[PDB]
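First comes one chain, alone, set out as structure tokens in the form deposited in one PDB entry.
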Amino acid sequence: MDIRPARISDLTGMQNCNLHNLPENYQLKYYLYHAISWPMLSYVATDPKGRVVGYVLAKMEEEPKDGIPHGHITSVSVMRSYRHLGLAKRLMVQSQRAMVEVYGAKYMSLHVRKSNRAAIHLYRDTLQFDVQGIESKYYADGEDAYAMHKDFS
């Protein structure tokens, strides 16, 4: 697989990947808003034909919680066929390094639904995130989110 920074021209393919894999979706405009606002934070995995097969869609907190700059994963997923390879872990490390070097992020945070065993085992155990707390009825269907938060230090 080929992991590399996201470009404008592969945003639609990030969207399509999101649509296939996650209940939480956005219109293309919101992807564009990520690209123009933080042009090097998002990464993408492509297949031999160049189409998007995994991604992380990252940003920096617009309204900084307590004045300290920090990153936010807003979405990450991989087509079912390319799972269990290391794609997500690798997409996550690339994106994190950029938050630090370009924006001076002192930490990053994300949301996972309480039952997503997969995502938890990825952040908590193999990317060393902490469970910050629990956000009641965060997803549209009412499921609770774990707020996860990794401190850079």
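Numbers follow the displayed sequence, beginning with 1. Shifts are known only where both forms have a C-alpha. Whichever C-alpha set is largest while still superposing within 1.5 Å between the two forms counts as the rigid core.
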TODO: Using only the Cα atoms and their B-factors as the entry lists them, report which of 64-72 and 80-88 averages higher.
DONE: 64-72
- [ ] Could you check the entry and say whether 6-14 or 133-141 has the higher mean CA B-factor?
- [x] 133-141
Task: Selection by C-alpha B-factor (highest) of 96, 27, 42, 128 - done: 128
TODO: Rank-wise, by C-alpha B-factor, drop residue 49 into the lowest, middle or highest third of its chain.
DONE: highest
Task: Entry-reported Cα temperature factor of residue 59, expressed as the chain third it lands in - done: lowest
Open item on the list: Quick check on the deposited entry: does the C-alpha B-factor of residue 103 sit in the lowest, middle or highest third of its chain?
Closed with: middle
- [ ] Would you check the entry's CA temperature factor for residue 118 and let me know if it's in the chain's lowest, middle or highest third?
- [x] highest
TODO: Determine, from the deposited record, the chain-internal third of the Cα B-factor for residue 111: lowest, middle or highest.
DONE: middle
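The same protein has a further form, the form deposited in another entry, not shown here; the description that follows concerns it.
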TODO: After superposing the two forms on their rigid core, pick out the one entry in 143, 24, 130, 135 with a CA shift of 2 Å or more between the shown form and the other one.
DONE: 24
Task: Rigid core superposed: residue 35 CA moves 2 Å or more between the shown form and the other one - done: yes
- [ ] Determine, after fitting the two forms on their core, whether residue 65 shows a C-alpha shift of 2 Å or more between the shown form and the other one.
- [x] yes
- [ ] Report the direction of the Cα distance change between residue 139 and residue 66 in the other form, compared with the displayed form, as closer or farther; the change is 3 Å or more.
- [x] farther
Task: Closer or farther in the other form, the Cα atoms of residue 65 and residue 136, when the shift from this form is 3 Å or more - done: farther
Task: Large-shift segments between the shown form and the other one, meaning 3+ residue runs whose Cα move 2 Å or more when the rigid core is superposed - done: 3-22, 24-36, 65-67
